[PDB]
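Heads up: the structure comes next, in C-alpha cells.
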Amino acid sequence: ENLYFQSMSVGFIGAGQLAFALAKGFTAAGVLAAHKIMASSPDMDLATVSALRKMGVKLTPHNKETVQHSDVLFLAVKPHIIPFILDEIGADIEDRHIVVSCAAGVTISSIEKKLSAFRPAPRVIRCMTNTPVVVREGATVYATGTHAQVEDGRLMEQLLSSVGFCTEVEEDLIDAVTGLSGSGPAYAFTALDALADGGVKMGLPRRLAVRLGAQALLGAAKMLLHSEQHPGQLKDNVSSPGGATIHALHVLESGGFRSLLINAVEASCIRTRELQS
Amino acid sequence: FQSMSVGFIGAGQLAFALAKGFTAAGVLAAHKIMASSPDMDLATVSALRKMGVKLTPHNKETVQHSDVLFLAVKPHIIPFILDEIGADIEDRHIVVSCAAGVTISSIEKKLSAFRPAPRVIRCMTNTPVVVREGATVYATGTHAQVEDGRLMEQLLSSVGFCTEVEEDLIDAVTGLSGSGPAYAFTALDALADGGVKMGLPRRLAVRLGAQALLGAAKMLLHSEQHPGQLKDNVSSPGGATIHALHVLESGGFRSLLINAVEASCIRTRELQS
Amino acid sequence: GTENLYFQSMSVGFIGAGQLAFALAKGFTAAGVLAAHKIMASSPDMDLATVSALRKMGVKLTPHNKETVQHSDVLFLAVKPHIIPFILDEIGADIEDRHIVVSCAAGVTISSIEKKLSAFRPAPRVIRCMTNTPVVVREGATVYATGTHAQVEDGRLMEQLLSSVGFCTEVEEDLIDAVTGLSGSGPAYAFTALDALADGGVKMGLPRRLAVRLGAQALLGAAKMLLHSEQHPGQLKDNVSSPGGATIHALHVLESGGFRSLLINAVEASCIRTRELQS
Amino acid sequence: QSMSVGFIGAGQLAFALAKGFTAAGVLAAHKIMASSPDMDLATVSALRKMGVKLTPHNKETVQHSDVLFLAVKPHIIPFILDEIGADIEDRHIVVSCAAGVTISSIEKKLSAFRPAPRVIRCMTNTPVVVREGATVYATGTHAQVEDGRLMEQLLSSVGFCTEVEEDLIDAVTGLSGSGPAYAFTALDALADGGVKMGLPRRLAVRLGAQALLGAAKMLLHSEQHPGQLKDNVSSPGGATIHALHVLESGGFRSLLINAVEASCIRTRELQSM
Amino acid sequence: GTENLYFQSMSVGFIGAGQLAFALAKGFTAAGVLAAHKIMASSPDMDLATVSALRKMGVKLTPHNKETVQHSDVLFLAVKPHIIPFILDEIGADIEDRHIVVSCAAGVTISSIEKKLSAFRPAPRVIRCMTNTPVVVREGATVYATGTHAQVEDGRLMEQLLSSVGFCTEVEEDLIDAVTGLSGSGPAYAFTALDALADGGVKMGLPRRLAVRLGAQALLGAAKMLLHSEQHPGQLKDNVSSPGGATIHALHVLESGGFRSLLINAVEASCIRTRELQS
Ligand SMILES: O=C(O)[C@@H]1CCCO1
Ligand SMILES: O=C(O)[C@@H]1CCCO1
Ligand SMILES: O=C(O)[C@@H]1CCCO1
Ligand SMILES: O=C(O)[C@@H]1CCCO1
Ligand SMILES: O=C(O)[C@@H]1CCCO1
Ligand SMILES: [Cl-]
Ligand SMILES: [Cl-]
C-alpha cells in the first residue's frame, strides 16, 4: 500500500514477454517508476521492445549498460542463452548486484560457478514466474543462492508480491513449479479456447462464449483461493443431483480429463529438467 | 433502488452466494433480504441466518416482503412454487427465475392465470458471485419494462459480469458458465495432483494452480489478443510448455471441454422437456 | 508469372536429375531468372521421366558429374543423403574458386560437406538448404544457412535465386532439421489431406474431380488468407465457425480425433528421422 | 455497370465478400449496402470503415440493391423473406448464401408476393477476402441465363466459381464451405509442431502456410493423382514416409472424411429445423 | 489370352460408357468372344476418357440411348442406381422380344426393373448382375440372377459371356447386396491395401516402383494359391509363419489392430449401403 523502492534500479537482460510483463506489473503496482528500469535485447525491433519504450523504460542494445544501470538484475532470457550472458557480463558484476535468473531449469549452482570465475560470492536468486504478472496476478516462487543475503530474499519477495502471489521455496521444487504455475497459463488458454468452441457449438456467439468461459474460470479460482474447502467439496456443492453439471463432469471423467492435466505438469517438469542437462 | 427489498424462494447454494455477494458489494443490507425454503435445517439456511438475512418457512412472507423475487429452486419445483404464490404476485414484482432450463413462456403462463402482465426475468448465474466474480446472463420477459432490465443488470453486475442475452442462448450459457466453475474445480484438483506427483506439497500445489488459472483468465479478459495468440506468446521453442501442450493435444484435451459444455447444455434442455 | 531478375553470368548445375532438380529448373526458367540452356543436370539413370522432362525444357543433360561441375558456377547437390559422400569424393578435385556448392540433401550438415571437400581444396563455398517441389509453381518454401567460407555475396545471391520461386529466408543451420519436418515434408502432408478431403466430398455425393478442385481451392485460399492476415489462425477459424453451424460441428469431430496432435507428431517424426539420416 | 449490391446480414460472410469485391474493384465500396439487426458488431464497424453504407432496416438494403445477398443464419431466412418479400422488385436477383436453405423454399416464400422471383443459391467461403475463394451456385426456376452468367463472373473475380446441381451444395458446404477452418486448425498445429522442434513461432507459421499454399497450387496445376505426388517426394527410408506413417496411425485421412461428413450432415439439419 | 467362344449372332449394347462399360468391352474383345464393332455404347457425356478409349478399341459410339437399344440384343445397363429409372423410362418403349436387359447397377432390384419396363411391354427379359473392373484383365468376379421372364437360355448365355472375362456364377438375387459388399467393392479394398503395403516397403527403404511390383505380386500369388488349394487360408497362413520368425511378428501387429475386424466392417458397410441405394 503505497510501497515504493526509492533507490532500486532494475535491469532486464532479455526484453521479451517476461521483461515487458514484469515492467508493466511493477509500474502498474506503483512500486517502481518506468524510467528507473532498463532493458537490453539483441533484437531491438521486437514489439515487446517498442511496448517497453512507450512505457518509458530505458532501452539499450548493450547488456553492459543494463548491468551498470541496475541494482537488481533480471536474466529474462532462454535457458541456453544464460551461459552466453553470464560470460558476457560476469566481469561487470559488482558488489551491489543481485542477479535474478528467470530462465527455466537453469540452476543456481551453474549460475554461481559461471560468475564465480570472474568474481567471488555473486548474489544470485532463481525464480519461476509467469506472464499474468502483467495484470498483477502472477504466480512466483524463488530460491536464494548461497551468497544471497537475508535482505536479498525479503527484498525480492516484496518486489514480486506486488505483481501476484510470491513465496520462497527450496530450489529443488522449481522444476515442478515450472510445470504447474510456470506452464499453467498456457493450459488455461488452451482450455479457454476450447470451452468457447463448446459454447459456439451450442449456439453462443464467439465473443460471448470467450467472455463467459474466462469469467467462469476466473471466478472458480478466486473461489477456491478464498475457500477453506476442498476443490472436490466445492464441485460437490454445485453439482445438482441428476443435473446438467454432473452429466458434463461424467464425460470429462470418461475421457480422463484429470489424468491429462497430470500428464501436462509431468511432461513440462520433465522437459524442464532436460533443459538443464 | 436503495429502498429495494429482495426475496428468495429456495435458500440453497445460489441464494447464499447471491446474498453474500449482494451484501459484500454493499448494494443490499442483509436485513432487506428474505429467504424461504421447505428445509429450514440446512447449513445454507443457518449461514444466511448469521449474515443477518431474514428467514421464514412461508413463501408468502417472502413474496409480500420482496420487490425483486429470485426463484432459486430446482427446475422441477418451479411449477409448484408458481402455483403456490401465483395469487400473491403484485404489480410491483420483478420475478427472476434462476432455475436451469425453465422457459420465460412457461412462467408467464402460470403467473398469468392469477394476474395479467407478470414481470418475469430469466437468468443463469453461478456460485462465484459469492466472491463477486460471477458470470450472469439474463433475458427479459414480455412484460419486463426496460427499467426492469436496467435494474437487473445493475444488481447482478455488482457481483460479477452481467449482460443481457436472447433467451434461446441460456441453455448454452448454462453448459458453459453455469457448469463451468465445476469444470475448473476438477482442473485445479487434478493440476494439484500433478504438482504433488512431481514433488510439491499439496498446499503449495493447490495455491499455484489456482493462481495460475486466475491470472490466465484475468490476463485474457484484459487482452485484445486471441487466446491461441497468448498460448503462442508464452510457448518457447522446444521448451517445457510446448511439450506439455503436446501431451494435452494427444489426449484430445480440447474436445473433452467441448464435450462437457455440449453435455451440460443438452441435459439442461432435457430438464425443461 | 516472372521475377524481375536475370542472373546473366550464372551457369547452374544439378547433380541428381530427379524431382527436386526438375522442379527448380522449371521454376527458375518460368520465373525468367535463368535460361534453360544455362542449366546443366547429370544423373546415374538417364532414362528417368524427370530427365526426359528436363530435355524437353531445353536443359543440358550429361551422364558425367564432372561435366556438370565444369559447366556450373552454382552447383546444386540434389541427391539423397547417403549419396552425398560419394558425390563429394567423385568431384571434390574438380571444385574451383568460383563454385558455390548448394547441398539440398536432408540432414547432411555443412561441417561434413566442408570436411569432405577440404581434403581436395581448402575453403569450399558451401550452402545448405531445404526447399520443396512447389518451387515448380513458384510457391516453394526455402531456408538456407551459409557455410564457413561462403562469402556475404554467396548467401545474398542464393536468396535472390531461391526467392524467385517461392518464400526464402536465411536460418541458423541448427533449425534446418526442424524446417525439414515442417515445410520440407509439409506438401506431402497436404497431398494426403487433399486426397482425404476429396474422399469425404465423394462420400457425400460430390464427383471426384469437383471434390479435388474444391478441396485444393479451400487450402490454397486459407493458406493465402493467413499469409496476408494480421490475425492468429484461431481467430480466422473463429470467423468461419457460425454458432451452432456446420463448420463447428466438423471441427469438434476433428478435435475428438486429436487432429492437431497428429500434425504435431508428424513434424516431430520427420525432424527426428532427419537427424538420424546423418548420424 | 450501374450495379448496386446489398447484404442482408452484416456478419463475417458479407464482410469478406464486400472486402473481396472492392479489392477486385468490381464495384465501389459505397455501392454496397448492408443491414444488420445489431449495429454494434465489429463486422458492422469494419464494413463501415471500408466505406460500405450501413442501415438497420432491411427494406432500405432491398430498395438500394440490384443483386441482393442473403447472408444470415439459415433459420433467420424465412423471417427475412416475410419482411422484405413485398419489397422485392422485378430487377432483383436474390442470392441466398445460407447453409442448407433450398432454392425451393425461398421461391415459395417470395412467390406469395410477386411471380417469378429470381433466386440463386450459392456456397462460398472467407478466402474471397484475398480473391481466392471457392464458390458454387445453382440457379432457380426463374433466373435467366444472364443471371447465372452475371453471378459466375461476379464471384469469379474473387476466386474459383462454377455452376453445380443444387443437390451437391450441402456436400460442397462440408468441403470448401467449412474447408478453410480445417486448414486454419491444420496450420496452427503444424506451427506448434515446428515450435516443438525448436522453430520460432513466426517462422513456423510462415513455413507451414507456404507449404500448404504451394502444395494446393501444385495439385491444381498437376495432371497427377495427389497420391502420386505424395509418392514422388517420399524418399525410401526418409523423413517424410516416417511422418506419413504417424499420420496414418492416427486415422488422419478418416478424421478429414468425418469432418466433411459432419459438416454436410449438419448443413442438412439446419434446413430441416 | 482367349476363350474358345464366339457369339456370332450377338450384338451388345452399353447404356453408360464409363469404367464398367469399357472394362467389359475390353475384356470381351480381348477374350475374342466378340468383335468390337458388334458392341455399341452410349453416354450423356461423350468427352469422357472412357468414351475415347472405347473409340480407340473400335466400339460403336452414339449419343442416343435409343440407337444403342435398336443396335443390341444383349443390353447392359451400366449406369448408376439413381439413373436406372430415367433410363428405363427413356427406352422402355423401344424394348423388343429379342432384348435381354442386363442391369449392372448396385442395389437396383429385378422387381423394380421389371415393374418399370412392364408399363411399356409385358414379360421383359431382365438379368441383374454384379461384376467388377478386373474383367478388363479377364479376372473379374461376377454373379447374376435371372428375372421373372428370363428364359433358361438367357442365363446360360449370360454365364457364357461373363465367364469369358473372369469367374461367374448364378445366385439368388437376395445374395447380390452382400456380393456387392465383397467382390463388387473388393478391388477397392485391394487397391488401398496395395498402396499401403508399398508405403510400408518404402518406409523400409524399397523404391516405390519395386515395392508396388512386389506387393501386387504377393497378393496375386496368394489369391491364386488359395483358389487352387484344398486348404483353409489359415493353414496356408500357418505354412508361411516360421516359428519365431518375421511373418508371425508381423501377423501379431495386424491382429493387435483388429485387421480382420476392419475387413468384416468393410463388407458389412458396403452391403448395408447397397441396400439403402434402392430404398
Ligand atoms: O447442475 C445443474 O443442473 C445446474 C446448472 C448449472 C448449475 O447447476
Ligand atoms: O515454455 C517454457 O519452457 C517456459 C517455462 C515456463 C514458461 O516458458
Ligand atoms: O458454419 C456454417 O454453418 C457456415 C457454412 C459453412 C461456413 O459457415
Ligand atoms: O522424405 C525425405 O526424406 C525428404 C524430405 C524432404 C524431401 O524428401
Ligand atoms: O517368417 C519368416 O521368418 C520367413 C521369411 C518370410 C517368410 O518366412
Ligand atoms: Cl515437396
Ligand atoms: Cl472394381
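Go through C:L251, C:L206 for me and flag whichever is in a helix (DSSP H, G or I), within 7 Å of chain D (Cβ to nearest Cβ) and not aromatic (F, W, Y).
C:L251
Just checking, which of C:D89, C:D73, C:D97 is more than 12 Å from every other protein chain (Cβ to nearest Cβ), in contact (Cβ under 8 Å) with a residue 40 or more places away in the chain and farther than 19 Å from D:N232 by Cβ?
None of the other options fit; the residue is C:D73.
Given the criterion farther than 30 Å from C:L48 by Cβ, within 16 Å of ligand 7 (Cβ to nearest atom) and among the aliphatic types (A, V, I, L, M), identify the matching residue among E:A216, E:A223.
Result of the check over E:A216, E:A223: E:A223.
Within the group D:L150, D:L110, D:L154, which residue is surrounded by fewer than 18 Cβ atoms within 10 Å (Cβ to Cβ) and touching a strand residue (DSSP E or B) at 6+ places or on another chain (Cβ under 8 Å)?
It is D:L150.
For the list (1) within 16 Å of ligand 3 (Cβ to nearest atom); (2) within 20 Å of A:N237 (Cβ to Cβ), I need the number of the one condition that B:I258 fails.
All conditions are met except number (2).
If the requirement is being surrounded by fewer than 20 Cβ atoms within 10 Å (Cβ to Cβ), away from ligand 5 (no atom under 16 Å from the Cβ) and of a type in the set (V, I, T), which of these qualifies: E:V202, E:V126, E:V136?
Unique residue meeting the criteria: E:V136.
In the range D:264-273, what residues are of a type in the set (S, T, N, Q) and within 7 Å of chain C (Cβ to nearest Cβ)?
Correct list: D:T267 only.
Does E:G258 satisfy the criteria of being away from ligand 2 (no atom under 16 Å from the Cβ), within 14 Å of chain D (Cβ to nearest Cβ) and on the phi > 0 side of the Ramachandran plot?
Spelling it out, E:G258 is indeed away from ligand 2 (no atom under 16 Å from the Cβ), within 14 Å of chain D (Cβ to nearest Cβ) and on the phi > 0 side of the Ramachandran plot.
Of a type in the set (V, I, T), part of a strand (DSSP E or B) and touching a residue at least 12 places away in the same chain (Cβ under 8 Å) - does that describe any residue in the range A:111-118?
no
Which of (1) closer than 20 Å to A:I37 by Cα; (2) free of Cβ contacts under 8 Å to residues at least 12 places away in the same chain; (3) not in a loop (DSSP other than H, G, I, E, B) does A:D95 not meet, given it meets every other one?
Result: A:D95 passes all but (3).
Among the residues of the range A:249-277, write down those that are under 32 Å from the mean Cα position of the chain (by Cα) and under 29 Å from B:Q13 (Cβ atoms).
A:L249, A:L252, A:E253, A:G255, A:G256, A:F257, A:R258, A:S259, A:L260, A:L261, A:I262
Scanning for something over 23 Å from C:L277 (Cβ atoms), in contact with a helix residue (DSSP H, G or I) (Cβ under 8 Å, 6 or more places away or on another chain) and at the interface with another protein chain (Cβ under 7 Å from one of its Cβ atoms), does the range D:228-249 turn up at least one residue?
Checked the range D:228-249: no residue is over 23 Å from C:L277 (Cβ atoms), in contact with a helix residue (DSSP H, G or I) (Cβ under 8 Å, 6 or more places away or on another chain) and at the interface with another protein chain (Cβ under 7 Å from one of its Cβ atoms).
Let me spell it out: the conditions are (1) more than 7 Å from chain D (Cβ to nearest Cβ); (2) crowded, with 24+ Cβ neighbours inside 10 Å; (3) touching a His at 6+ places or on another chain (Cβ under 6 Å), and C:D238 meets all of them except one. Which number is the exception?
All conditions pass for C:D238, except number (3).
Out of the residues in the range A:39-81 meeting the condition of being within 22 Å of the chain's Cα centre (by Cα), outside any loop (DSSP other than H, G, I, E, B) and β-branched (V, I, T), tell me which one is surrounded by the most Cβ atoms within 10 Å (Cβ to Cβ).
That would be A:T66.
Given the criterion surrounded by 18 or more Cβ atoms within 10 Å (Cβ to Cβ), away from ligand 6 (no atom under 16 Å from the Cβ) and under 21 Å from B:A43 (Cα atoms), identify the matching residue among A:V265, A:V210, A:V238.
Residue meeting the stated conditions: A:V238.
Here is a check on your reading of the model: is A:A19 outside any helix (DSSP H, G or I) and either crowded, with 24+ Cβ neighbours inside 10 Å or over 19 Å from the mean Cα position of the chain (by Cα) (or both)?
Criteria not met by A:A19.
Tell me which residues, restricted to the range A:241-258, are surrounded by 15 or more Cβ atoms within 10 Å (Cβ to Cβ) and either away from ligand 1 (no atom under 12 Å from the Cβ) or in contact (Cβ under 8 Å) with a residue 24 or more places away in the chain (or both).
Listed by number, the residues that qualify are A:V251, A:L252, A:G255, A:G256, A:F257, A:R258.
Among the residues of the range D:216-262 satisfying the criterion of being β-branched (V, I, T) and closer than 21 Å to C:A211 by Cβ, which is nearest to ligand 4 (Cβ to nearest atom)?
Step by step, filter the range D:216-262, then rank; the result is D:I257.
From the list A:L261, A:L252, A:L218, exactly one residue is within 16 Å of ligand 2 (Cβ to nearest atom), facing another protein chain (nearest Cβ under 7 Å) and part of a helix (DSSP H, G or I). Which is it?
A:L261
Identify, please: which residue in the range D:161-182 is in a helix (DSSP H, G or I) and over 14 Å from the mean Cα position of the chain (by Cα) and is, among those, farthest from the other protein chains (Cβ to nearest Cβ)?
D:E166
Identify all residues within the range D:1-12 that are surrounded by fewer than 24 Cβ atoms within 10 Å (Cβ to Cβ) and under 17 Å from the mean Cα position of the chain (by Cα); write none if there are none.
D:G11, D:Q12
Is one or more of the residues making up the range B:192-206 touching a helix residue (DSSP H, G or I) at 6+ places or on another chain (Cβ under 8 Å), surrounded by 24 or more Cβ atoms within 10 Å (Cβ to Cβ) and closer than 25 Å to C:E268 by Cβ?
Within the range B:192-206, one or more residues are touching a helix residue (DSSP H, G or I) at 6+ places or on another chain (Cβ under 8 Å), surrounded by 24 or more Cβ atoms within 10 Å (Cβ to Cβ) and closer than 25 Å to C:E268 by Cβ.
For C:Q160, all conditions in the list (1) surrounded by fewer than 18 Cβ atoms within 10 Å (Cβ to Cβ); (2) more than 17 Å from C:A30 (Cα to Cα) hold save one; what is the number of the exception?
Only one criterion in (1) surrounded by fewer than 18 Cβ atoms within 10 Å (Cβ to Cβ); (2) more than 17 Å from C:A30 (Cα to Cα) is unmet by C:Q160, namely (2).
A quick note on method: Cβ atoms are made from the backbone with ideal geometry, for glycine too, and the neighbour counts reach across all protein chains shown. Every number here is computed from the coordinates shown, using simple stated rules; none is lab data.
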